[PDB]
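Comments concern the structure below.
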Amino acid sequence: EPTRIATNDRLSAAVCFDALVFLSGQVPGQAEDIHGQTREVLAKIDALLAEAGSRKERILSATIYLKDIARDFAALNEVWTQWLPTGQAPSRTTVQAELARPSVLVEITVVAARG
Amino acid sequence: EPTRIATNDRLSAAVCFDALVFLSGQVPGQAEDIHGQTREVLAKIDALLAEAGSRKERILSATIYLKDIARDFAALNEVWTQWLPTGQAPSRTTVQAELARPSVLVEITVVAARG
Amino acid sequence: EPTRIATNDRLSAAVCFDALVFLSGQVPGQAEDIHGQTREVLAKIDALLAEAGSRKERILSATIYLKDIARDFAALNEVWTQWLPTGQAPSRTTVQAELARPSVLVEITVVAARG
């Protein structure tokens, strides 16, 4: 009964099952700086929630991976707090981890509620 | 239909949806050592499960982040195994990651079942 | 209402709740190389999905932890893409993290749908 969105032989961008939406970790576009990269990740999450039948106000959890948490946490929080729908922040966890490409400073993995 | 617990402009400590509870990653209080910090994280999880309508016996998954997994895994396991309700350990994953503040040695992210 | 599979005082290999299956992070057997270790992790996930009432075609999410993401991502992807049931890739996130034992190059944490 799972439904899949934008599937290739490595991943589906989203998997939907019983009112839950599981998004693949989202990475930036071509932005090179932490502020722009966080903005681009959040834009991609915005678009995928739409395709998977959810929306920003229905995020349940987000794991935020930063390549350098000491250097970039403050910038991440600036963009994140401005993006979230007012009064509707999800649960979150922010940790340091290198991502699959060295240029990536931030990656975010979301679970959300359909609706 | 999500419900939120202890929300600010960065995160909600918990988000509840369809009998699931999603907790933000929990960090220690003022303890400075791994044993005490793990005890404090688990105390905070205990209290949040209560507010979100769950309990320790209903944990589904826990990601345990250690700043130094080689150094501190044994201590983490001592405190963890003593804290868990008998015979009711959840699924878990323990990995190394630097946390948002350098003093933090351990952070734990829980999903639990309402009830 | 959770059900547990293969429980000890540290973890349950799986916890089942309301049509969801939460697997503990799975680690390799005795393989020493990234290709073999990834194969062994995926074999273990295969077996646990079976015991927990799911199957590979019903994976919802996978966090893939690599000890060295720059060195080993390509090998991970070779084994992963060949293992997945055709056209049915789950959501995934791949990040770098040291695992609990230094010989472990890869660990994978799965959530799946019962059925």
Side-chain angles (χ1 to χ4, degrees), chain A residues 1-29 31 37-66 76 79-80 83-85 88-95 97 99-101 104-115, chain B residues 1-2 11-12 15 17-18 20 22-25 60-61 63 93 109 111, chain C residues 19-23 57-65 77 80 84 87-95 108-113:
Chain A
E1 314 185 1
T3 303
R4 304 201 186 63
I5 297 154
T7 303
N8 63 32
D9 60 8
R10 294 147 76 96
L11 75 180
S12 295
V15 179
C16 306
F17 178 74
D18 190 16
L20 295 173
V21 178
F22 300 80
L23 298 190
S24 285
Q26 293 304 299
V27 296
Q37 286 199 356
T38 303
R39 170 178 56 75
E40 295 186 340
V41 166
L42 295 177
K44 289 186 178 181
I45 287 165
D46 180 359
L48 265 179
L49 292 169
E51 194 72 3
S54 185
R55 60 191 299 165
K56 302 163 175 205
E57 295 86 353
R58 300 182 70 82
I59 299 169
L60 303 172
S61 62
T63 304
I64 300 174
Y65 300 99
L66 291 170
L76 175 285
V79 179
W80 171 260
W83 178 81
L84 285 173
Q88 300 170 283
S91 72
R92 88 179 188 157
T93 301
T94 310
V95 309
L99 295 320
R101 288 89 181 171
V104 174
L105 306 176
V106 56
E107 174 167 352
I108 303 177
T109 303
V110 158
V111 182
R114 148 173 194 89
Chain B
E1 314 185 1
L11 75 180
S12 295
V15 179
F17 178 74
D18 190 16
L20 295 173
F22 300 80
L23 298 190
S24 285
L60 303 172
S61 62
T63 304
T93 301
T109 303
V111 182
Chain C
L20 295 173
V21 178
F22 300 80
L23 298 190
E57 295 86 353
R58 300 182 70 82
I59 299 169
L60 303 172
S61 62
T63 304
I64 300 174
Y65 300 99
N77 285 323
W80 171 260
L84 285 173
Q88 300 170 283
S91 72
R92 88 179 188 157
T93 301
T94 310
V95 309
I108 303 177
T109 303
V110 158
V111 182

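Scope of the values below: all heavy atoms of this structure, side chains included, with no hydrogens, waters or symmetry mates. In what follows, chains carry the letters A, B, and so on, assigned in the order in which the sequence lines appear, proteins first and then strands, with residues in each chain numbered from 1.
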What's the shortest heavy-atom distance between [X] and [Y], and which atoms?
X     : Y     : answer
A:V79 : A:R39 : CG1-N, 3.7 Å
A:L48 : A:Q26 : CD1-NE2, 3.3 Å
B:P2  : B:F17 : N-CD1, 4.0 Å
A:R10 : C:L84 : O-CD1, 4.1 Å
A:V41 : A:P28 : CG2-N, 3.5 Å

Drop me the distance from [X]'s [atom1] to [Y]'s [atom2], to the nearest 0.5 angstrom.
X      : Y     : atom1 : atom2 : value
A:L42  : A:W83 : CG    : CH2   : 5.0 Å
A:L66  : A:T38 : CG    : OG1   : 7.0 Å
A:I108 : A:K44 : CD1   : NZ    : 11.5 Å
A:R92  : B:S12 : CZ    : OG    : 11.0 Å
C:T94  : A:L11 : OG1   : CG    : 8.0 Å
C:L23  : C:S61 : CG    : OG    : 9.5 Å

Could you tell me which residues satisfy side-chain hydrogen bond (donor to acceptor under 3.5 Å, both in side chains) with A:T93, sequence neighbours excluded, listed by chain and number?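 A:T93 satisfies side-chain hydrogen bond (donor to acceptor under 3.5 Å, both in side chains) with B:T109 once adjacent residues are dropped.
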So if I apply the side-chain contact (heavy atoms from CB on, under 4.5 Å) rule between A:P90 and each of A:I59, A:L60, A:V110, which one comes out positive?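 Passing option: A:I59.
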A:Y65 side chain reached by A:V104 side chain, heavy atoms, under 4.5 Å: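 No - every pair of side-chain heavy atoms lies 4.5 Å or more apart.
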Sub-4.5 Å side-chain heavy-atom contact between B:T63 and A:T63: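 No, their side chains stay 4.5 Å or more apart.
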Scan for salt bridge (charged side-chain N to carboxylate O under 4.0 Å, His left out) pairs involving residues 47-65 of chain A, sequence neighbours excluded, and state none if there are none.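 Output for this query lists A:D46-A:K56, A:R55-A:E57.
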Give me each pair satisfying salt bridge (charged side-chain N to carboxylate O under 4.0 Å, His left out) with a member in residues 104-115 of chain A, each pair once, sequence neighbours excluded.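 Counting only pairs at least two positions apart or across chains, no salt bridge (charged side-chain N to carboxylate O under 4.0 Å, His left out) contact touches residues 104-115 of chain A.
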Please tell me whether B:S24 and A:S91 have a donor and an acceptor in their side chains that are separated by less than 3.5 angstrom.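 Side chains of B:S24 and A:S91: no pair found under 3.5 Å.
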